[PDB]
K.L.:
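I'd like to ask some things about the structure below.
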Amino acid sequence: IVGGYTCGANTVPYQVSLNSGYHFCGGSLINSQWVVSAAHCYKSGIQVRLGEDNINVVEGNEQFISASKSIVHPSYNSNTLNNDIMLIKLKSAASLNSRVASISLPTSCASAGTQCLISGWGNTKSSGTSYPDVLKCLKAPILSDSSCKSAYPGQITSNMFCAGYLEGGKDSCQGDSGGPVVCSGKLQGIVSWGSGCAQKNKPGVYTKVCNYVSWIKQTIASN
Ligand SMILES: C[C@H](NCc1cc(C(=N)N)ccc1O)C(=O)O
Ligand SMILES: [Ca+2]
Ligand SMILES: [Cu+2]
């Protein structure tokens with residue numbers, strides 16, 4: 001997260017860190033046994049870490065659970081990043097409490113102008129590399145479809161939406177990938193891609209979760 005603020009320990013209870021000997025992606029807990037992340041975060045040997053704040057120090061409240069299976073959307077395209085969504089089933093159910101809780105899936109899509117909360121342990125610098133120890137937060141609005149497409153001509157599909165600031169200085173970044181974009185208590189997006197980080201006229205692009213609610217429910221029900 002570039003230009004954000006320190007969230008505060010466990011203030012984003014549904015935020016998870018995907019770990020393989022180091023933090024490489026974010027994710028969102030949607031129920032005691034399932035996590036939603038981005039398809040480009042796929043890889044073997046994933047350990048899901050819940051209840052985290054400082055990812056380099058065991059402070060308490062953390063729960064480390066191995067992923068039993070990762071399900072990348074069958075139509076995910078690694079070139080266009082269309083359908084950039086993946087479901088992760090936990091080996092064992094997480095213990096839900098005030099520090100570890102699930103986030104609700106949307107019933108309807110969000111409209112432009114809606115204010116959302118984006119969070120993660122990704123890079124905090126637009127020009128350079130600087131990973132934080134604690135969780136960072138950023139409040140950003142969903143942009144209009146016309147502004148999104150004018151910013152990324154011919155690269156925005158119906159399964160994506162832009163959120164952020166056209167002036168630059170505030171945006172999600174590498175490492176935040178797969179993380180949550182929550183608006184009015186609902187998971188509306190997944191950190192997917194963008195051109196650089198926090199560059200002017202280049203807002204972040206996110207997977208539009210409301211288009212996948214039925215797929216998520218049907219997939220979870222059969223696994
Ligand atoms: C570095 C590049 N990822 C870039 C990237 C950019 C943004 C953004 N600017 N909002 C968000 C998530 C990302 O994963 C990559 O995966 O190669
Ligand atoms: Ca920790
Ligand atoms: Cu990326």
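Position 1 is the first residue of the sequence; numbering continues from there.
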K.L.:
Drop me the distance from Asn19's CG to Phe24's CZ, to the nearest 0.5 angstrom.
P.N.:
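The distance works out to 8.0 Å.
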
K.L.:
Quick one: OG1 on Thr80 to CD1 on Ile156, what's the gap to the nearest 0.5 Å?
P.N.:
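Taking OG1 in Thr80 and CD1 in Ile156, the distance rounds to 10.5 Å.
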
K.L.:
Between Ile220 and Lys217, is a side chain to side chain contact (heavy atoms under 4.5 Å, CB included) present by the stated rule, with each step listed?
P.N.:
CA-CA 5 Å; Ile220 286 176; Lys217 292 179 180 179; 6.0 Å; no

K.L.:
For a side chain to side chain contact (heavy atoms under 4.5 Å, CB included) check, start with the C-alpha distance between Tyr206 and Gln188, then their side-chain angles and the critical distance, and finish with the verdict.
P.N.:
CA-CA 9 Å; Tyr206 303 85; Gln188 294 286 180; over 6 Å; no

K.L.:
For a side chain to side chain contact (heavy atoms under 4.5 Å, CB included) with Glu59, tell me which candidate from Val57, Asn56, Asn61 qualifies.
P.N.:
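Result: among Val57, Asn56, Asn61, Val57 is the only option passing the side chain to side chain contact (heavy atoms under 4.5 Å, CB included) with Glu59.
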
K.L.:
Between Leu96 and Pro13, is any pair of side-chain heavy atoms under 4.5 Å apart?
P.N.:
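No, every pair of side-chain atoms sits at 4.5 Å or beyond.
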
K.L.:
Please report whether the ring centroid of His73 lies less than 6.0 Å from that of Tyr212.
P.N.:
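Under 6.0 Å, so yes.
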
K.L.:
For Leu187 and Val181: C-alpha separation, side-chain torsions, deciding distance, then whether side chain to side chain contact (heavy atoms under 4.5 Å, CB included) applies.
P.N.:
CA-CA 6 Å; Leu187 176 66; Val181 176; 5.5 Å; no

K.L.:
What heavy-atom pair brings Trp121 and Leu135 nearest, and what distance separates the two atoms?
P.N.:
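Smallest interatomic distance, heavy atoms only, reads NE1-N, 3.2 Å.
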
K.L.:
For the NZ atom on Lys69, are there more than 12 heavy atoms of other groups (residues, nucleotides or ligands in this structure) within a distance under 6.0 Å?
P.N.:
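Yes - once you tally the heavy atoms of other residues, nucleotides and ligands closer than 6.0 Å, there are more than 12.
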
K.L.:
May I ask whether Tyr22 and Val35 are part of the same hydrophobic cluster, defined by side-chain heavy atoms of I, L, V, M, F, W, Y residues being less than 4.5 angstrom apart, directly or through others?
P.N.:
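Cluster IDs for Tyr22 and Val35 match.
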
K.L.:
Closest heavy-atom contact between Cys41 and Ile46?
P.N.:
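Closest approach of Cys41 to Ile46, heavy atoms only: O-CD1, 4.2 Å.
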
K.L.:
List the atom of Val12, the atom of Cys137, and the distance in Å for their closest heavy-atom pair.
P.N.:
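Looking at all heavy atoms of both residues, the closest pair is CG2-SG, 3.9 Å.
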
K.L.:
Heavy atoms, side chains only, cut-off 4.5 Å: are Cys162 and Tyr152 in contact?
P.N.:
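Yes. Closest side-chain heavy atoms under 4.5 Å.
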
K.L.:
Can you tell if the side chain of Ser158 reaches within under 4.5 Å of the side chain of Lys208, non-hydrogen atoms only?
P.N.:
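Not touching, per the 4.5 Å side-chain cut-off.
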
K.L.:
Do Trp193 and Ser177 touch side chain to side chain, with heavy atoms closer than 4.5 Å?
P.N.:
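No, too far: nothing below the 4.5 Å cut-off.
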
K.L.:
Would you confirm whether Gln33, through its side chain, and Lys89, through its main-chain N or O, come within 3.5 Å as a donor-acceptor pair?
P.N.:
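No.
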
K.L.:
Taking all heavy atoms of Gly164 and all of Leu143, pick out the closest pair and write down the distance.
P.N.:
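In this case the closest contact between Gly164 and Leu143 is O-CD2, 3.6 Å.
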
K.L.:
If you measure from NE2 on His40 to SG on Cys25, what distance do you get to the nearest 0.5 Å?
P.N.:
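If I round to the nearest 0.5 Å, the distance is 5.0 Å.
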
K.L.:
Check whether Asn83 reaches the backbone of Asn77 with its side chain - one donor and one acceptor, N or O, closer than 3.5 Å.
P.N.:
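No, the answer is negative, given that no donor and acceptor are paired below the 3.5 Å cut-off.
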
K.L.:
Of the non-hydrogen atoms in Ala140 and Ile118, which two are nearest, and what is the gap between them?
P.N.:
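Closest approach of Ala140 to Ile118, heavy atoms only: CB-CD1, 4.0 Å.
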
K.L.:
Looking only at atom types and distance, does a side-chain atom of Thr124 sit under 3.5 Å from a main-chain N or O of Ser130, one as donor and one as acceptor?
P.N.:
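Here the side-chain-to-backbone pair exists.
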
K.L.:
Where the side chain of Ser37 meets the backbone of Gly26, is there a donor-acceptor pair that is under 3.5 Å apart?
P.N.:
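Present.
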
K.L.:
Taking atom NZ of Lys43 as the centre, report whether more than 12 heavy atoms of other residues, nucleotides or ligands fall under 6.0 Å from it.
P.N.:
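More than 12 heavy atoms, drawn from other residues, nucleotides or ligands, come within 6.0 Å of this atom.
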
K.L.:
With rounding to the nearest 0.5 angstrom, report the NZ to SG distance, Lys136 to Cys173.
P.N.:
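It is 14.0 Å, given to the nearest 0.5 Å.
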
K.L.:
Look at the side chain of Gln199 and the backbone N and O of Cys197, then say whether any donor-acceptor pair between them is shorter than 3.5 Å.
P.N.:
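Yes.
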
K.L.:
Should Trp34 and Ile190 be counted in the same cluster of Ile, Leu, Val, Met, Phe, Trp and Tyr side chains packed under 4.5 Å apart?
P.N.:
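They do share one cluster, since a chain of ILVMFWY contacts under 4.5 Å joins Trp34 to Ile190.
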
K.L.:
Is there a path from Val36 to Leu117 through hydrophobic residues (I, L, V, M, F, W, Y) whose side chains come within less than 4.5 Å of each other?
P.N.:
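Same cluster.
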
K.L.:
Backbone N or O of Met86 within a donor-acceptor pair of the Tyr76 side chain at under 3.5 Å?
P.N.:
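Here the side-chain-to-backbone pair does not exist.
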
K.L.:
Is the side chain of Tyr5 donor-acceptor paired with the backbone N or O of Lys139 at a distance under 3.5 Å, no angle test?
P.N.:
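Not at all, since once roles are kept as given, no pair shorter than 3.5 Å links the two residues.
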
K.L.:
Report whether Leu90 and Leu87 are members of the same hydrophobic cluster (ILVMFWY, side-chain heavy atoms less than 4.5 Å apart, transitive linking).
P.N.:
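No, separate clusters.
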
K.L.:
For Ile30 and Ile216: C-alpha separation, side-chain torsions, deciding distance, then whether side chain to side chain contact (heavy atoms under 4.5 Å, CB included) applies.
P.N.:
CA-CA 10 Å; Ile30 57 175; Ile216 292 174; 4.0 Å; yes

K.L.:
My understanding is that only one of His23, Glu62, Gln47 makes a side-chain hydrogen bond (donor to acceptor under 3.5 Å, both in side chains) with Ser17; could you say which?
P.N.:
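Of all the options given, the one that passes is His23.
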
K.L.:
Quick check for you: to the nearest 0.5 Å, what is the distance between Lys202 atom NZ and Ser126 atom OG?
P.N.:
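Output value for this atom pair is 13.5 Å.
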
K.L.:
Just by distance, do the side chain of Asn10 and the backbone of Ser98 share a donor-acceptor pair under 3.5 Å?
P.N.:
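No, the answer is negative, given that no donor and acceptor are paired below the 3.5 Å cut-off.
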
K.L.:
Which heavy-atom pair separates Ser172 from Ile1 by the least distance, and what is that distance?
P.N.:
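Between these two residues, the closest heavy atoms are CA-CD1, 4.1 Å.
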
K.L.:
Are any side-chain N or O atoms of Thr114 and backbone N or O atoms of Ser111, one a donor and one an acceptor, separated by less than 3.5 Å?
P.N.:
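Yes; at least one donor-acceptor contact below 3.5 Å.
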
K.L.:
Look up atom OH in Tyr14 and atom CG in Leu29, then write down how far apart they are to the nearest 0.5 Å.
P.N.:
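Nearest 0.5 Å value for the OH-CG distance: 11.5 Å.
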
K.L.:
Would you say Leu138 ends up clustered with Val191 if hydrophobic residues are merged whenever their side chains have heavy atoms under 4.5 Å apart, either directly or through other cluster members?
P.N.:
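They do share one cluster, since a chain of ILVMFWY contacts under 4.5 Å joins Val191 to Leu138.
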
K.L.:
Between the main-chain N or O of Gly122 and the side-chain N or O of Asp176, is there a donor-acceptor pair closer than 3.5 Å?
P.N.:
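Yes.
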
K.L.:
Does atom CZ of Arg99 have more than 12 heavy-atom neighbours, drawn from other residues, nucleotides or ligands, at distances under 6.0 Å?
P.N.:
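Open.
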
K.L.:
Are the side chains of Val134 and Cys7 in touch, meaning some heavy atoms are under 4.5 Å apart?
P.N.:
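No, their side chains stay 4.5 Å or more apart.
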
